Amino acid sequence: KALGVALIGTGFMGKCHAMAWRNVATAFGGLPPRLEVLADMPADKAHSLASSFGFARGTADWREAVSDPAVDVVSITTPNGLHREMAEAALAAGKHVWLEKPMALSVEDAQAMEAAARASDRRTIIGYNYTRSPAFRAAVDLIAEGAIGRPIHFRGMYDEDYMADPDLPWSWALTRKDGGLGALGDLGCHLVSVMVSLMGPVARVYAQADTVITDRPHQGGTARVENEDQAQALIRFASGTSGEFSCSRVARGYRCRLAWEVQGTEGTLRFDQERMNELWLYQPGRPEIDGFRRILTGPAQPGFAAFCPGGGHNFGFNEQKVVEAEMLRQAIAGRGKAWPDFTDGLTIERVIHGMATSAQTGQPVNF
């Protein structure tokens, strides 16, 4: 009755998934998932990390992980370029899929995966972990309850500086063919996942983009950076409401600055992921005490009580992934819907690729 887990990849997100699967029942109860197969290359690395992560075995063969009869669900955290192949193989093998963002490098690959998921009758979720913080889920509930009235404006950014150093070498990830989008693919899609959760679907974008560092060192020479370092867009939501949107991988001093704000007719909500335990809420008050409230994360907020009964004991980035694992567990058990599945994920892919198209063509793109 325990869920059988396969994990492909052991990097930033691979180890994050491994830590989540290990403690999901500790936090939320029920049966601890069985950690069956860890796939990674080379073989000696898969064997070492399988042992320390507590997987029953490691293998250099990713298809072993998706085909084992003892596996019910596959975490896929490999580079963007093999997401489509591995996800479709896992669905064809009758496995549920936890796929790291983005879905694939192109809308066309994401469309094929979306059709494959519908055909499989298996649960899918995409790894948009910034939608899982108690603060973010609390903000969505406050908007649903009318805490800020009708939303009238969204302003969101996602700034990091991991590519700011012009000496960082060229890679496949910086080509259109093998890397897909740049900052829009790495960061933009995260901001879309948060933005559409707050404001509903996107109807129109008008975008601009820049490549700040256009060429990088490559094996004693240099190679051209083909995707964007930063992008900005004006949004019209299906509601008719306005939005401002940006992302950057060259914004010096920022490490995880996914920051957003919803302005409403009766209040304002504001958040910055670099301080993920604070949610700022303004509602009209009598003039003597009027001002924004600092809501510090605690057991009043979704998910937090599963990890800690004491408010102000800071919730961590990695615990977002434990919440994500639990949402997929509950969906597989038919006790909840996981968001976003491959259908809702395809919509997010269309928005970021539409922003890329808009920036290139100088035309607004409608959805």
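One rule holds for the numbers: they count along the sequence shown, beginning at 1.
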Inset, instruction - Going by the average Cα B-factor in the PDB entry, point out whether 205-213 or 270-278 comes out higher. - result: 205-213
Legend entry - Stretch with the greater mean C-alpha B-factor as recorded in the entry, comparing 304-312 against 42-50: 42-50
Inset, instruction - From the list 85, 244, 161, 229, select the residue with the highest C-alpha B factor recorded in the entry. - result: 85
Inset, instruction - Select one of 255, 96, 118, 190: the residue whose C-alpha shows the highest B-factor in the crystal structure entry. - result: 118
Legend entry - Chain-wide C-alpha B factor ranking for residue 111, given as lowest, middle or highest third: highest
Inset, instruction - Sorting the chain's modelled residues by C-alpha B-factor, tell me whether residue 290 ends up in the lowest, middle or highest third. - result: middle
Legend entry - For residue 36, the third of its chain into which the C-alpha B factor falls: highest
Legend entry - Chain thirds of CA B-factor: placement of residue 128: middle
Inset, instruction - Divide the modelled residues of the chain into thirds by Cα B-factor and specify which third, lowest, middle or highest, holds residue 249. - result: lowest
